[PDB]
Amino acid sequence: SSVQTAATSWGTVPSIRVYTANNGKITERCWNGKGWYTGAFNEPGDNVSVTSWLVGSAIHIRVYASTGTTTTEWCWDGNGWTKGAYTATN
Amino acid sequence: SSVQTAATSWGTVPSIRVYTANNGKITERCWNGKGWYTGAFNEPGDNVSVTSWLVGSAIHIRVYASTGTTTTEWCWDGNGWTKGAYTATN
Amino acid sequence: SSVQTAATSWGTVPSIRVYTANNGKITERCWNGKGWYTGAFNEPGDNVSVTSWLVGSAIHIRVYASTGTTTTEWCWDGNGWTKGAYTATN
Ligand SMILES: OC[C@@]1(O)OC[C@@H](O)[C@@H](O)[C@@H]1O
Ligand SMILES: OC[C@@]1(O)OC[C@@H](O)[C@@H](O)[C@@H]1O
Ligand SMILES: OC[C@@]1(O)OC[C@@H](O)[C@@H](O)[C@@H]1O
Numbered sequence: 002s003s004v005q006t007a008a009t010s011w012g013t014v015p016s017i018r019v020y021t022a023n024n025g026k027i028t029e030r031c032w033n034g035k036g037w038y039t040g041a042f043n044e045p046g047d048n049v050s051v052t053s054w055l056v057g058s059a060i061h062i063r064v065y066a067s068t069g070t071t072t073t074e075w076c077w078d079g080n081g082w083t084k085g086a087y088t089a090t091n
Numbered sequence: 002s003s004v005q006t007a008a009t010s011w012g013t014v015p016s017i018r019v020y021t022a023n024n025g026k027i028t029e030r031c032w033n034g035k036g037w038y039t040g041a042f043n044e045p046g047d048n049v050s051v052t053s054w055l056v057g058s059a060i061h062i063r064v065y066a067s068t069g070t071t072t073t074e075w076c077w078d079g080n081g082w083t084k085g086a087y088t089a090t091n
Numbered sequence: 002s003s004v005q006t007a008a009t010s011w012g013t014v015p016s017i018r019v020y021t022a023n024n025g026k027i028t029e030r031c032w033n034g035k036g037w038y039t040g041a042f043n044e045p046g047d048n049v050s051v052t053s054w055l056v057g058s059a060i061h062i063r064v065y066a067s068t069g070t071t072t073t074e075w076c077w078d079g080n081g082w083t084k085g086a087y088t089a090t091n
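Protein chains in written order, with full-length UniProt numbering: chain F, 2 to 91; chain D, 2 to 91; chain Y, 2 to 91.
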């Protein structure tokens, strides 16, 4: 009956991204040290998890969105979100 | 029917913090390389997620606790837990 | 009615591990920069969370699997998964 969140962060400011799944809809709230705002991420899912890493000063993000037994990976690589190649025989 | 956990860690020992939401109550078990113990975190929530970063050797933690459509951020910055400024129009 | 995932990553390639709990069974899909494959992790749980850290170039992983009010820690330290010492009075 409650929403579910995943979070990642990078740097020392830091930057934060919080993802929230809500009735099959996943949104993103972001923080970069000046204020909270709403991010470009809007994707279907009943559950979400996230991890992130830095390549120099480039941020790369992977969000794992799941409806039922199917799980989809979304990749941020600085040029808008794109679908990843993840798979599973759940 | 089961409890839900989130975890973060830092350093090389390392330090670990595991957060558990249980019937709207969120507790914290901690590890610093000598034994598991119970942490100062005790907050209302049906769901939890966490991220953390280091500023030199200072640890900063952000825990995201959710009941229903409302989500609250708690900040550790070395001086006890305090409420953060996170928001969302869920 | 949906599966639940947790994710961690390390390095710059990077390496990714995605954990999925599905009807009390937790599996692992892995990525090391050449393709997605299925990992050695197969453990009972209705919920999962993960964190990881590096000691030089050695990866250490901690997965937190939960059925009901009981929560179990599994440790990867380069020599196969082993049970950890975590505890809680949930
Ligand atoms: O497209 C980006 C990608 O190749 O990055 C590495 C892994 O996250 C893959 O699942 C993903 O498809
Ligand atoms: O008070 C600490 C704070 O400013 O830190 C950065 C963000 O986590 C904010 O949501 C939070 O309120
Ligand atoms: O056996 C490995 C271990 O000691 O590593 C540190 C902590 O994760 C403990 O819970 C765990 O048992």
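C-beta: ideal position from N, C-alpha, C; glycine also.
| Item | Value |
| --- | --- |
| Does any heavy atom of ligand 1 sit closer than 6 Å to the C-beta of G40/Y? | no |
| Is the Cβ of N23/Y closer than 7 Å to any Cβ of chain F? | yes |
| Let me check you understand the geometry: is the CB of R30/Y closer than 6 Å to at least one non-hydrogen atom of ligand 1? | no |
| Could you round the C-beta distance between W11/Y and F42/Y to whole angstroms and report it? I think they count as a contact, below 8 Å. | Between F42/Y and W11/Y the Cβ distance is about 16 Å, and since that is not below 8 Å, they are no contact. |
| Report yes or no: do three or more beta-carbon pairs, one from the segment 8-26 of chain D and one from the segment 40-55 of chain D, lie closer than 8 Å? | yes |
| In chain order, what residues of the same chain lie with their CB nearer than 8 Å to the CB of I27/D, ignoring the 5 residues before and after it? | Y20, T21, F42, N43, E44, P45, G46, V49, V64, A66 |
| Any heavy atom of ligand 1 within a distance shorter than 6 Å of the CB on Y65/F? | no |
| Return the chain-ordered list of same chain residues with a C-beta closer than 7 Å to the C-beta of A59/Y, the five sequence neighbours on each side being excluded. | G79 |
| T9/D bridges to which residues according to DSSP? | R18/D |
| So does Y20/Y have its beta carbon nearer than 6 Å to some heavy atom of ligand 1? | no |
| Applying the 10 Å Cβ sphere with the 16-neighbour rule, what's the burial state of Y38/Y? | exposed |
| Could you tell me which chain D residues have their CB closer than 7 Å to the CB of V56/F, listed as they occur along the chain? | By Cβ distance, chain D contributes nothing, its closest Cβ being about 17 Å from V56/F, past 7 Å. |
| What are the start and end residues of each continuous alpha helix (DSSP H) run of 4 or more residues lying completely inside the segment 53-89 of chain D, in chain order? | none |
| Taking the straight line between their C-alpha atoms, what separation do you get for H61/F and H61/D? | 22 Å |
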